[PDB]
Amino acid sequence: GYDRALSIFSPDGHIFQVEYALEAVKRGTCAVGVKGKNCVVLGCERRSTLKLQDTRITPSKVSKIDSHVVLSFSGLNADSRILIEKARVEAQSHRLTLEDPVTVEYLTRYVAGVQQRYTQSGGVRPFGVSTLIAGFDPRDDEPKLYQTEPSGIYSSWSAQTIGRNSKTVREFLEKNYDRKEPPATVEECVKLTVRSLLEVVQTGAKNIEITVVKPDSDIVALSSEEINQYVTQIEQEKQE
Amino acid sequence: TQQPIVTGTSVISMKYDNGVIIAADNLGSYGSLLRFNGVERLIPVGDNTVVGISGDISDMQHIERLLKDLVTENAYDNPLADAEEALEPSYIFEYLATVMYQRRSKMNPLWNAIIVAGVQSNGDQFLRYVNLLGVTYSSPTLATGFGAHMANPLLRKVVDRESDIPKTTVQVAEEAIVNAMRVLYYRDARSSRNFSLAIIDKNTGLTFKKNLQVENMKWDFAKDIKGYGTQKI
Amino acid sequence: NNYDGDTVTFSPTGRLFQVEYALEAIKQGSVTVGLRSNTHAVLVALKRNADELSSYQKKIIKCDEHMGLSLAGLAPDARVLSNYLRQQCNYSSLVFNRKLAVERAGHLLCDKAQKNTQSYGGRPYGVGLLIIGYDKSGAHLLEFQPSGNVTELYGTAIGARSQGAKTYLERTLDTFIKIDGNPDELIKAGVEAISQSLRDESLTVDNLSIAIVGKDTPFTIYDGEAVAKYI
Amino acid sequence: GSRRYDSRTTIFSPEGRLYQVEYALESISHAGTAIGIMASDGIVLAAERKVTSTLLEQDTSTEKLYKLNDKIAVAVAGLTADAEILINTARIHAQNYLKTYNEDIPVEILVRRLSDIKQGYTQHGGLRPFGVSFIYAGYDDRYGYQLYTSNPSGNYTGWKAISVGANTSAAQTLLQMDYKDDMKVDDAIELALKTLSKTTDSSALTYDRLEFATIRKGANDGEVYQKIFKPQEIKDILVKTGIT
Amino acid sequence: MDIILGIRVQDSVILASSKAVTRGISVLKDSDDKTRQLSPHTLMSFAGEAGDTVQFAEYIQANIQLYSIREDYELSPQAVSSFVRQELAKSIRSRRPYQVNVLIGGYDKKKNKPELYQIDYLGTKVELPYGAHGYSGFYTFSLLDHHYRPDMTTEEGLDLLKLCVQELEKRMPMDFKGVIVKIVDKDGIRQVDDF
Amino acid sequence: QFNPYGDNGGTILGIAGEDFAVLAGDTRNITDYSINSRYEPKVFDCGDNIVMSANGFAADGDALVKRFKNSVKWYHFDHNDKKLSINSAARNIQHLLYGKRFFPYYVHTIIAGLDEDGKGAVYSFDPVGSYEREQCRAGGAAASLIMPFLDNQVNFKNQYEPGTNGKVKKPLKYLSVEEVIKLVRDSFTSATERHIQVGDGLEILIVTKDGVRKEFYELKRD
Amino acid sequence: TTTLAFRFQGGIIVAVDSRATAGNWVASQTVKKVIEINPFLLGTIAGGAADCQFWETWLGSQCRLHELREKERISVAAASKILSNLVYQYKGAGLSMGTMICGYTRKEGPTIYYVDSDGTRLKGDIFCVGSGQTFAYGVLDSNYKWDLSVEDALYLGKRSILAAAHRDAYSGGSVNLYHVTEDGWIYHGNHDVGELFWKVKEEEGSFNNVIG
Amino acid sequence: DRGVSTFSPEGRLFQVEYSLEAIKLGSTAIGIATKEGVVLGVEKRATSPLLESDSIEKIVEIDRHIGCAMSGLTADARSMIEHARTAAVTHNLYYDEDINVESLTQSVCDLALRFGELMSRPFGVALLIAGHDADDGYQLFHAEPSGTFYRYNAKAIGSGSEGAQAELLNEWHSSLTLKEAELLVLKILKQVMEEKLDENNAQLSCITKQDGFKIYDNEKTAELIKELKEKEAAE
Ligand SMILES: *[C@@](C)(CO)[C@](*)(O)[C@H](CC(C)C)NC(=O)[C@H](Cc1ccccc1)NC(=O)[C@H](CC(C)C)NC(=O)[C@H](CCc1ccccc1)NC(=O)CN1CCOCC1
């Protein structure tokens, strides 16, 4: 078997392969997560250099891991499929042995553990992917939003963004998001998410994807027209 | 799982004041057929140990090779191989006892009963038994097979407990062994008249006696025995 | 230079640089001394600390009731090798009912260290060991080096500034060899020997480490207030 | 040891790119152009053979277009030998699904699994990636007619019309211009050939330098038919559209 | 584990499964649900060796649920039954086979038709209008041969099912403590609480 | 067909006092109707004030004792010469025995010593590792003869206070080392009389805070 | 063995005997057949002594590792299923185990799970396990109501074991009582059958078959 | 390139020495041992204000009598903690007793050098392992990726380690109370931390014989921070 230690330390105390995997994430399309009072919303950028696409069949950016948890990402698309598959299997395996679906923290911890294992295993390179994992624990109404990254570290966020120009949209969220009073309704949370993506995206046509997750396995993806209504409303209020 | 084919019968032994005696006949039986008559079942290891083996002869020959190889291995990188770091009876025994139990534990035993007789470096007598099951025990007298049933009773009349060992000379002890070998020739259907005897003494060392024969037998009274009850002729 | 990338490469003059670099790790290690008479064998070790708040790194390891060693260099490598010695001593007891000879103990360590110097991927051990013991041929003292070379000696010392203690023992050879049936005097000679390798620092109560084995003495280690006698 | 000679095929650049994947894509960009166009009532696959020789046996040849099962086909761009390794795997995977579920494999599932194999060669194993880009054209009863593409990175995406291989930049612009959603197969056939005719590096587009295929519902009542075009059939369709 | 029945009617599939769990000379439980929901429109009842039954049912359930998440799509009853058969077909030539017999009742949303599949532990699959495993069949098959009609309603199917349970309660040696009945149709799976 | 097990006979006995504990066992070793040895010890000092005996099939008994003795050795190496407590030793032995659940050691094991409060302790094990601390336990061939006698004399079972109409039980109390050795010797002489596999000699190991003492007594050799 | 545990208004009662046998030989009268897994979980054991003890002792380690990893006490369902999945792996190898995992959690409430060595796992309100289970069932079922008081429930559990201890030759020694509430398990003492039988006979007026 | 398990000319393993540099970049962690208990405290260091700081788990339970604080590439610690927890529980299963803090530390440190060409690189994280046992009492260990561990009366690791260690040198004495030790960790953390110390960006914990290992609440730590400020202003 191929044994080579690809991820190793450098004189200055860095693991370059892990850090170069972050650069791949930085290249990826932007993804944003915002959690409200009774919901979480996952926004995702889709680059508009690709026309003549078939949006019916093209892999969606947001993936369901179980009926109550979702996972979006930024970075290498092919790499993300491997993590999603592993997470989906672990989700079913957990239901089988514990007789209870995974918590959002547990699922995140698992995915993060897989990412870490690839940073000190021989013959493999790190995943060029950072994820945003969101959902609601079983029989719980408190919204959950977590982030992972190639190194394997993970943490919880009131709101967070990853991918290209994420430092711009993070700057937007940092002043617009209030900890003491988060988005009270679904509309308020979605609007803030769309607003934040409009700082970076370009046009609010078929570039923005929105997915809303609510308690008790209530997940739904918004259509073009539904998203476009938020874009139209925000731009009219902007001109002031 | 085995079955023994070519087999060796009783091995008998005892302690005396200065050392140990061990004996075994020179027969290799093939069931009821007394097939081989030149078989040596006492195997010396160095000049201070004799391993007496009963049971399957193919497995005995394997054990011979192991002991032969053990001497070779001990000599490697060992300047004191013929002195302080020479092979002791206790070392040789424990090795065999380890093998016997490992083989029974893999359900593929060496089909034997073994008696390791010798004298230690400090002058102490060594005499211990081990068999196909890995079972081990020591006693002033030890015997295998029919020996256990017929020899031990006779040898225990000489050395019944530990305190009788210093009181027993090599002359008395050898006489009891040779007597026991005669009784076994009378009564064991898979025994032979010819046998080998080994004495390991702390003073005079190893004395290995070959081509001995059972003698001074009582058969004359047979002529007077007629029929099985009534018959007078 | 170009021939020190791994252990599998010889230099043009016939040297193994990775083995020599492993040897260098021993010289950085704290000093330890070994010496014997005809009845007893003694290990004296100067323990090292990270700072005043830290403990003092333990240098002496027990292998059996009749054998043990002191280390100098990479401590984890000494743990691997001492563990191997424990198993080999233990194998000799269970299988042959026989206490392992100190000479065979050295031969086994040599052969284990050697395999690491001839194969790709692995590395040499980065530690030197002083093995003492009492077997059927009396008291013994061995010096192990991770090149594989094992040497039986009357006395020796390895580590930083070990040349001072090694010169002392070379002068004292005729005196300490005849310290028979006297443990405390043989230790004193060892404590005086290691003192020739000291600079600025002196031997304190939680700094000094002593071990002894002999005729009617199992391998025992002395630390703390138990070594206050010899200061 | 052997470390000295290791190219390290599965590592990141400082910029966060996979060297070998990028260089494999550079290889594919010199391969003969392949075009896929999806219509409302069928799919078209068109591909240009790599600089044909006059003594090449054209009728009993297969370089670009391969059949995976009765409902799914692929157009190849890159190393043919590499493609055939992947094609046989894809053919086997389709039969495993049919054996297990007694149903023909959904197009995306086949595409995903094949793309997952390519991904594996970029993350572990220390081997070079497959220098191949596919255009998958197929049908199932869930999504109907579908076009996909995969590349050495193991990333796949869906398309209404797409090109791979050489001159994709020029080819994609022309497709984007003339394509529309209510298009028919016969119109899509014409678009595919016109696009190759303009993007080709050759002097003039001829029958002997082309492979062509369609996936219609043109069979009798609610069933799909795969048509791998013969040399004479390509000759006729080339005259019918007014290219020769 | 003993009695499991199945009846496919016009617009639904009805599964009846006994509630008794017996070991030795003791009925340990009389409210046992011998079924698992594989998907929203597919239900599998099971009966056989202790331990094996639930272990197998849940393993299948896990696999089908994994498929549903991966593809965001519900497998057809025909596809599920074929997957289950293959698992049992592998099992029979294993070191220790699953000794489990199953009925798979499902509603195909694409065809708008109910479907009942009977699979034994050997991996022997058959699509049927009515099915049973174990000794139950020796009474119920002949009874259904007589009374069953293909165009029956769900209510008519439940009366037909009551007729089977009555006969079993009359002639079966063991007390199986009644049945849990479940209906599978276009609207999914639901349980009849009063039977 | 090859049978890997055998019966080497013999019988063992453990009794716990207030500040001491004894582990006794006859010295006879047998196979079928033959005596193999009149003095073959099977009660062993294993270190850390723990005495042990594994009666039954001697080869498995010796193997187990040998392995536990080795377990004690490695416990010292791995945990800074810490003393192995009797309760810890018992649990360790369970894992040794159950480790061969599907090819068991055919032995009844008993260990004795002092608990961490300094009080006498006796533990007993079945062949596959189930264990229990008790004041009293006999094991081996003549266990069925000795054990009920111990219930009566050590734990005062079925004994009531005279004149109390069988209403007040005889109060439990610890026995002296002198009284315990009397019960051991009487148990073994009684067992020797009525069991053929028991006799030759009796070896008792007594465990106090001071250490491990031995005592030997002759038994009938028939 | 005889062991039982039933669910009621005031939580869970758990009761077991203490005998251990090797054939007809009474090996012990003081065996502990309730394993204390944690302050909120109990496990009953019946069948092969070593199998039960070894694997439920092992179960406690797995439950401990759960709460270290998940920062939360393991559910009764998850605990029972760890054990049932374990014994299922050994199915056919000859393990003999009849166990009941009893405990309380917030999400579940009081819960009892029957688990045995041939892989059966059942949730339920009443279970009796062991060689004398039928004798316990007879007394327990005929006197059981959901609205029993804590005092009456404790006695019924004790009395059911006593009934089995009397009739079943392979059950006896003493009765160990436990009560499981929302606050955790509470031990309710060891009751020697030697004294308990006569005490129950006199006070209750039952056991008229026996010579008084 | 070059081998993973290569020695430098000075006699050190390159990869082990480079992993130590990674640990210096990590957030500060401090441990102080007393006769009344051992205290562990860490700098959380949230990379952004939107990050929910309570999800930063840099103090961790191994058993009821052993706790752990980390510094460096904290993702690498997960498998080290997993091993420690298994080692602790497994020993309790085999020997029916709590496991010695030193023996636990040794078990963790055995993983350290199990790398080469086993895992591909050393761990990029240092651990402070604090605990209590009957034999050696309250203990604090510093476990490195070199496979070496030192016992400490007090120890600081991370970015402000050398500055904090010098401060601990002066402040530590053998008669420290638990309350005094708690305040001393907070005091030294506030000195070396970049951002201003409060209950949200710093965390305290302890291990006592009676109550075992406990991570303090944000309400409890807040009062200790307020008590600390008042005592410094009082002279
Ligand atoms: C009631 C009391 C009886 O069924 C309970 O079910 C109890 C459960 C309690 C103890 C947890 N069950 C037993 O007491 C159980 C019955 C049993 C026996 C054998 C197999 C399954 C169940 N008894 C035992 O487990 C005893 C306990 C000892 C005596 C403390 N153990 C044995 O019988 C052992 C081990 C049996 C065994 C099982 C699996 C593999 C190998 C062996 N056997 C012996 O001690 C043999 N022995 C040799 C000569 O002396 C007589 C006994």
# chains A, B, ... in the order shown; residues from 1 in each chain; ligands from 1
>>> residues_near_ligand(ligand="ligand 1", cutoff="8 Å", atoms="only C-alpha atoms and all ligand atoms", output="JSON, numbers by chain")
{"F": [101, 102, 104, 106, 107, 108, 125, 126, 127, 128, 130, 131, 132, 140, 141], "G": [1, 2, 17, 18, 19, 20, 21, 22, 23, 25, 26, 27, 28, 31, 32, 33, 45, 46, 47, 48, 49, 50, 51, 52, 53, 94, 95, 96, 130, 131, 132, 170, 171, 172]}
>>> interface_residues(of="chain H", to="chain C", cutoff="6 Å", atoms="only C-alpha atoms", output="PyMOL selection string")
chain H and resi 9+11+117+147+151-153
>>> select_by_dssp(residues="stretch 22-133 of chain H", states="strand (DSSP E)", output="PyMOL selection string")
chain H and resi 29-33+38-43+59-63+66-72+125-133
>>> closest_residue(among="F:218, F:184, F:84, F:178", to="chain B", atoms="only C-alpha atoms")
F:218
>>> residues_around(residues="residue G:209", least_positions_apart="4", cutoff="12 Å", atoms="only C-alpha atoms", output="PyMOL selection string")
chain G and resi 166-167+201+205
>>> interface_residues(of="chain F", to="chain B", cutoff="9 Å", atoms="only C-alpha atoms", output="count of residues only")
22
